[PDB]
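Report on the structure
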Amino acid sequence: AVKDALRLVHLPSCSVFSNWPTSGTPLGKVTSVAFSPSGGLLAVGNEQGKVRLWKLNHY
Amino acid sequence: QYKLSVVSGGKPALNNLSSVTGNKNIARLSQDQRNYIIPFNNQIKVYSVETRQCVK
Amino acid sequence: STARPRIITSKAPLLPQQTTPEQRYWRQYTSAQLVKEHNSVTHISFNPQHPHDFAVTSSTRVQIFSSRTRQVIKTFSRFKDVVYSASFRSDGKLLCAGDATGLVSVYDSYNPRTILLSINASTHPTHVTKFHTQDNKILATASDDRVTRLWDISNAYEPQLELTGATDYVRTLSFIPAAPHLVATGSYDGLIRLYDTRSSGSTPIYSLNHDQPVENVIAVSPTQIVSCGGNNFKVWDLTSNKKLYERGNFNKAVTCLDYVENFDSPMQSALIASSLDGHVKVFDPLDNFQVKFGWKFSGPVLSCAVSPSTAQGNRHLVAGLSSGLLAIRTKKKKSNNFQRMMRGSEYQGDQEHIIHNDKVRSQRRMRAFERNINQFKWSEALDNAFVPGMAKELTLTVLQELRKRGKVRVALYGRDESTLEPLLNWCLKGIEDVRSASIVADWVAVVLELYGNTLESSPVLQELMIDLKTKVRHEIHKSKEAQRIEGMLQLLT
Amino acid sequence: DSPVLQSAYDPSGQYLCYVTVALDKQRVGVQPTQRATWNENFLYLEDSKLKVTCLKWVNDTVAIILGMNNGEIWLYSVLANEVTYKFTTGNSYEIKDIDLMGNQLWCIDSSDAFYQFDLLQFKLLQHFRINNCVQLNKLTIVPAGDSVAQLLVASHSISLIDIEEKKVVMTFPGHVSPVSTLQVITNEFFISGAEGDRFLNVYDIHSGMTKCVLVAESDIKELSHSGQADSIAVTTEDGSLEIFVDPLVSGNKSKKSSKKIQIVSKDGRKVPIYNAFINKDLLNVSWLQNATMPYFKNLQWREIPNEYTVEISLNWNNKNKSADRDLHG
Amino acid sequence: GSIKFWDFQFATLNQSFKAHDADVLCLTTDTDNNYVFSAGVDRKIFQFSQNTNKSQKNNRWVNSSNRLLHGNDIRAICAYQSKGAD
Amino acid sequence: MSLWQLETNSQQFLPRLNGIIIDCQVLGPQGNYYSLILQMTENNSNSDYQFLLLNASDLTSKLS
Amino acid sequence: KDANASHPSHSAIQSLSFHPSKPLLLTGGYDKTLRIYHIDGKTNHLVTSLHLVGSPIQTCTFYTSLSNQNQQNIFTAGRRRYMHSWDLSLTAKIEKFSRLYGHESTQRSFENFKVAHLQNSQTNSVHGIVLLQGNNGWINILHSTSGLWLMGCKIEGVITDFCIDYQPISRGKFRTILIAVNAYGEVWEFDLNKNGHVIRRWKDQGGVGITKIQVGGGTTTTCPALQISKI
Amino acid sequence: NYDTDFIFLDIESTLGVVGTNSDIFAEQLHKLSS
RNA sequence: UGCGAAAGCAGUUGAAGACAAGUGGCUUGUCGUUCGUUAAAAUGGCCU
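Residues numbered from 1 in each chain as written, not as in the entry; some residues may be left out. Chains lettered and ligands numbered in written order. Part of a larger assembly, values for the part shown. Heavy atoms only, no water. Residues with missing side-chain atoms left out of burial classes, pairs and counts.

Some thoughts on the overall build of chain C
In terms of helices and strands, chain C carries 10 helices and 29 strands. Taking 493 residues into account, the globule formula puts the C-alpha radius of gyration at 23 Å, and chain C, at 33 Å, lies well above it. By its C-alpha atoms, chain C is 100 × 85 × 45 Å across when sized along the principal axes. Here chain C holds 493 residues, and the buried ones make up 47% of them. For chain C, the exposed area adds up to about 25,000 Å²; of that, 50% sits on carbon and sulfur atoms. With 60 positive and 48 negative side-chain charges, chain C shows a separation of 4 Å between the mean positions of the two kinds. (Helix = DSSP H or I, 4+ residues; strand = E, 2+ residues; numbered from the N terminus. Rg over C-alpha atoms; globule rule 2.2 N^0.38 Å. Buried < 20%, exposed > 50% of the residue type's maximum accessible area, 1.4 Å probe, protein only. Areas by Shrake-Rupley, 256 points an atom, 1.4 Å probe, with all protein chains shown as cover. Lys, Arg positive; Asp, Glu negative; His and termini not counted. Charge placed at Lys NZ, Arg CZ, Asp CG, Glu CD.)

Side note on the packing of helix α4 (residues 378–385) of chain C against helix α5 (residues 392–405) of chain C
Residue and element names in this part refer to chain C. Look at α4 against α5: their axes get within 9 Å of each other, and the N-to-C directions meet at 160°. If you check the angle between α4 and α5, you find them roughly antiparallel. The handedness of the crossing between α4 and α5 is left-handed. Together, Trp-378, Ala-381, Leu-382 and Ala-385 of α4 and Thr-395, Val-398, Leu-399, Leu-402 and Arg-405 of α5 make up the contact between the two elements. Tallied by class, the residues present in the contact of α4 with α5 amount to 7 nonpolar, 1 polar and 1 charged. (Axes fitted to C-alpha atoms, helices over the stretch in contact; angles between N-to-C directions. Parallel < 35°, antiparallel > 145°, perpendicular 65-115°, else oblique. Left-handed = near helix turned anticlockwise from the far one by under 90°. Contact = heavy atoms within 4.5 Å. Nonpolar A, V, L, I, M, F, W, Y, C, P; charged D, E, K, R; others polar.)

Some thoughts on the interface of chain C and chain G
By a widely used convention, the size of an interface equals the accessible area lost when the partners come together. Facing 18 residues of chain C, the contacting portion of chain G comprises 25 residues. With both sides pooled, the region where chain C packs onto chain G buries about 1,700 Å², and carbon together with sulfur makes up 56% of that total. Looking only at chain C, the three residues that lose the most surface to chain G are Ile-354, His-356 and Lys-359 of chain C, adding up to 33% of its buried area. Where chain C packs against chain G, one counts 1 salt bridge. For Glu-352 of chain C, the salt bridge identified is with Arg-35 of chain G, shortest N-O distance 2.5 Å. Where chain C packs against chain G, one counts 11 residue pairs in polar contact. Per-element tally for the side of chain C that touches chain G: the top contributor is strand β29 (residues 354–356) of chain C, with 3 residues. Grouping the amino acids of the side of chain C that touches chain G by side-chain chemistry returns 5 nonpolar, 8 polar and 5 charged. (Buried area = accessible area lost by both parts, 1.4 Å probe. Salt bridge = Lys/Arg side-chain N within 4 Å of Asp/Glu carboxyl O. Polar contact = N/O pair within 3.5 Å; in protein donor to acceptor, adjacent residues only side chain to side chain.)

Notes on the protein's contact with RNA strand I
Around RNA strand I lies a shell formed by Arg-4 and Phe-376 of chain C, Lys-44, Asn-66 and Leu-68 of chain E, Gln-12, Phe-13, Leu-14, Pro-15 and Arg-16 of chain F together with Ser-98 and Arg-99 of chain G. What you see for RNA strand I is that sugar and phosphate hold 41% of its atoms within 4 Å of the protein. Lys-44 of chain E has a polar side-chain atom sitting 3.4 Å from a phosphate oxygen of RNA strand I. The contact in question runs from a base oxygen of RNA strand I to an N or O atom on the side chain of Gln-12 of chain F, over 3.0 Å. (Near = heavy atom within 4 Å.)

Brief notes about the interface of chain D and chain A
Chain D puts 4 residues into the contact, and the matching count from chain A is 5 residues. Our count for the chain D to chain A interface comes out at 1 salt bridge. The closest approach of N and O atoms between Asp-24 of chain D and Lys-55 of chain A, which form a salt bridge, is 2.4 Å. At the junction of chain D with chain A, the criterion picks out 1 residue pair in polar contact. Among the residues forming the side of chain D that touches chain A, the class breakdown is 1 nonpolar, 1 polar and 2 charged.

Focus on the pattern of salt bridges
Summed over all chains, the structure comprises 41 salt bridges over all chains. In this structure, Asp-91 of chain C engages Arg-89 of chain C in a salt bridge whose closest nitrogen and oxygen atoms are separated by 2.4 Å. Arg-89 of chain C matches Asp-91 of chain C in its accessibility class, with the two residues each being buried. Of the charged contacts in the structure, one is a salt bridge between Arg-35 of chain G and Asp-31 of chain G, with a shortest N-O distance of 3.5 Å. The exposure class assigned to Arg-35 of chain G is buried, which follows from its relative accessible area of 1%.

Some thoughts on the sheet that holds strand β1 (residues 4–9) of chain D
Spatially, 4 strands are ordered β1-β2-β3-β4 (chain D) in an open sheet, and the strand pairing comes out antiparallel. For this open sheet the edge positions go to β1 and β4 (43–44) of chain D, each flanked by a neighbour on one side alone. (Pairing = 2+ DSSP bridges.)

Focus: a positive patch on the surface
Together, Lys-74, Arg-78, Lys-80 and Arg-113 of chain C make up a positively charged patch on the protein surface. Within the secondary structure, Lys-74 of chain C sits in strand β5 (residues 72–76). (Patch = residues over 30% accessible without salt bridge, like charges linked within 9 Å, V, L, I, M, F, W, Y side chains within 5 Å.)

Looking at the UniProt feature "repeat: WD" in chain C
Residues and elements named next belong to chain C. Within this structure's numbering, the places UniProt gives as "repeat: WD" are residues 36–77, 78–117, 123–161, 165–205, 209–246 and 249–293. Split by type, residues 123–161 is 0% helix and 46% strand. Its first and last C-alpha atoms lie 17 Å apart. The span residues 165–205 shows a helical share of 0% and a strand share of 39%, and its end C-alpha atoms are spaced 11 Å apart. (UniProt positions renumbered as here; feature names shortened; annotations may be inferred.)

Remarks on the sheet that holds strand β11 (residues 138–143) of chain C
Sheet strands pair by backbone hydrogen bonding; their relative direction is either parallel or antiparallel. Residue and element names in this part refer to chain C. The 4 strands are arranged β10-β11-β12-β13 in an open sheet whose pairing can be described as antiparallel. At either end of the open sheet lies a strand with only one pairing partner, and these are β10 (126–131) and β13 (161–163). Strand-to-strand twist across the sheet, computed as the mean angle between neighbouring axes with direction ignored, equals 20°. One ladder, built from 5 bridges, connects β11 with strand β12 (residues 148–152); its direction is antiparallel. By the bridge assignment, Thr-141 is partnered in β12 with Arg-149.

Here we look at the packing of aromatic side chains
For the coordinates displayed, the defined rule picks out 44 aromatic pairs over all chains. Linked through ring pairs, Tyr-25, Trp-26, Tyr-29, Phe-263, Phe-293 and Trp-295 of chain C together constitute an aromatic cluster. Just above the ring of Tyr-184 of chain G sits the side chain of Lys-203 of chain G; from NZ or CZ to the centre is 4.7 Å. (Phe/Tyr/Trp six-rings, centres within 6.5 Å; stacked < 30°, edge-to-face > 60°. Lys NZ or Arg CZ within 6 Å of the ring centre and 35° of its normal.)

Spelled out as structure tokens, the structure:
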């Protein structure tokens, strides 16, 4: 509905990560999201037609 | 110099028995079900369900 | 599994005088306008370039009509005597008009107030004035002086060429459409003369003997030209100096011709001809100048024209009558946020590797009888036959589909007096026609086979059976007397 | 840029080993270069940051040695799907190049160390390092039979090394950038080519003198030479292939390419060639048809024209014609 | 015309049958609820059965049968079942 | 060829199969094909059978 | 690198799914095409790309069966009365599901589907089900290979979303639970390895306009199990 | 038929006519990758 | 059924046995029975 509206909430602690996404993450108007089953890897598709890709270095 | 041959196939020829309802279809699928083995009255045709061609 | 076959509408063997494609196209020229002029409409030309306006020469005025409103946009009234000819230049930029005092006056089109130059031709009336069709700056005027003149419109004092040689009343010019040195002129002694303009010009190179006094000569090909005069028109091959067709399909003298090429039509070319008895006819130059369509008008038609080859809009056939009136028949022709949300719906697969297509085509809507025959509602299909707004071939095809398909009796089982009267009341009308009467025969035979007791009870279908009896009596007298005519011309073999 | 990170043929050019990334982990696969004689199972590197830095076909259980970036040479059989043996140095330094002669594996380290292993004994035989060779990223064994004397090591500047004395016996002027191919052509010549330049040079391994310079018309990625020095096919950065035919004859000091091959599709899209293989009269080129799956082509390179444009059939707008349905749907 | 069976606890549908062609005015059952009979303005009487042991252990009615006996409608239906009357 | 959903007694049809169905059976492990024998009885002078399996997904004649 | 940066999309990207095993990412949107990208770090290239004409897609899912893990179907669907199923074979053989086997009135659009695994529970034979969210409260569950309507589960209210939970039972047997939410906040759980019967009905504490439920921490439809013992 | 043959149709419809290291690695890899 | 033309022209329609119903027989009717002759109906209709 609005731009850049994505949060990653850690759990069991139920606390939102406060360092990502920042004000300069090109998330766009987030209209889909997907997690990789093995790589630890987000894909975030927005209304402009762009899948942006991030890797979580814990995995 | 003239010779006779039979070159082209015939009818499929299922089980022509009475007193068998249901399974009179003697054609089979493969286990890796990519080709379909049907008998004829002249031969065994083996079609392929992917390409609809007779392969053997 | 397949799709369901559509119910095929019963077509009989074709009767004579079917609707040809040529006459379907020429019959959709309709919505006639009749404009009463002050005198007989003698000439009518069209603008070539934006081919969308036409000039009508009545007496002592020339009116340009528009081809979208059919009202007079502009008018030229400052002639002293009867204006005779008025044609547009090939660029459509200016308009020449020959006048009964032998004063050719050329204005510019779409500006009646600026007379551009007044060529003072012969003291006799000048009856035909037209620019060259290849060249732009030469104007050919023939007059009642038995001599045509080619005028350069720069030097408008002496004619640059003086084509004499004709013995009586030259009334038509024409130019040959590929060789620009070649002027074919036509006079009231017959004898289409034609001149090479690089030569002397006081002698034609040859002459074509139309026997009647010609009224018009037009050029169809670069090779063949058509001259009308008298009750016929003739066509002449020009490379071989020789006549090759003549059509005399009129009662009175053919007054004018014109010709169309390459326009949107089943006919690739069309010559139409106007003939002082009411008729304008269209002839097809590709099958031997055979007539394909015609119009009859309310008096003797003096001149005619059609919209030119590149008309691109509302298309016109105009005919001006000697009665003093003008007949035109035309054929006509959410949010930026929401769009950004629903962006992709117009893409149609350009950069994409594989392109899949299994959207089925949407077929024509099924009528109620066809979907009832599909749903096996056979009595409801008969009921849907006998509604009033049904075509006669549609009632016939649902009767024939119920006859071939299942059972007349199934379609007729649960009926009584009030629900049989549509069938028999249509069978009265269908017994007259040849194509229906076999089906009407067996349907009436079945319904009197299985409703012979309702015949006794209800008196208000007894009278329907009696009317049907007199109908079959008239039809059997007709089918007997047709066999008598068949024998009486079998005798004459 | 290409998804195929590393790739090499076996000798005789019958199989191609190739390392590509698969969703943050390296995977090593082997494809036959002609099917007329898919292979859908890979070796998977299980760590997200362990990656292959070099690879070499051994010659007879057939295997690959994959030089990793943690001081290990994995030895991986291809018919089975496990690393059969894990050579390790004493360090964590990434290894820049390996080679083998017979059963004697040699390798270079990012700390400019030389290690020797024995494939028949699975043991680290020697470890040393030599002076004034400090940025090494290629080694090549100069062949003298079963004797594995004379390594040939590059650091932007090729140096010939006697291993009995562990010392440098010749010094070749290399390039202005790190050497990316360093291969022995004959028993007296070796070719070398650097990163980001389009100039190979062939040196005389007995004198130090450069015999000739070979000039590609784009920056060279890989090279292959036919086994008798008669032809050298290099593959460049713009996806083209350039064949120098008989480069070791008397276009006297620097020779251009004799033949140039590129591949276009039926559309006009130019696919890139990576990593071809040449032999006597036979040339096998490789590309990627879909995103990461290698396709091959054999060519009689002696009878093609000079500027040859291979055409491949590739899906661009083709209507999905299903075999169970006619064209009208 | 649809006839639906709803689990009382959880208050929710188990299965729906599309039985009649118009309204279902009246429906009834027997003593041990092995049958449910139903009827309405389309003038057929439908019977929904659960008599099989698998039907009773799976809670699955089947649309067993259907009879056309009435002339115009059925506005009332009832059932009696005793030792000498069913 | 009708197939009766035995829960709700609900037919799904396949209506114009150029022959009467004298044998039909499911075929696959998951039942993804139907094999049919169609007797094509407009000619009474011969018993001419068409063998037609078809995939159960879109009910299209795979390999007639 | 942005995954669809190699080949741009002509619409908003409406759905997005990774492969269960391969390094593939399937994107798809209202420009009625669906694209597969081999993803890695550097160069996310385009594997293949299929443009279904006249069928804008809204949900697209990699399905991979549990028996042989060799099918690799892609199920895709939008605001249409059909749903396509591409069988991955590296021409392209896709089939179309367009028959609700008697239940077309309660399913007028195939938009919101989810794909899941189901066990026969008299054999140890699993098969994929697609689950369609319909009008009244209905979820129509149907076979992912034959398209036969297996069962239906009706909740009471405005169905807004649903998810699939699995729970293991023994060696090689698991049980599939459909979890469907009203708009108001009350949640039904249906056991559907038997007939689609309710086992639990609870209520969300707070929550009045409910758009999306999801489970996680085990095998969801977006983290799928490749092997039946890994459920 | 129009090229000097004669076709005939049997009553059981048979149409007849009257006329005028690396090798073992390759084998085991095509085994183990199929 | 045979010969025919699409009209028509010649030929008909027996026996055995078993079973069912009705009143061991008698009557009637059937036959996934045989020999001889060239010889209307279970509310039940067509996909997306």
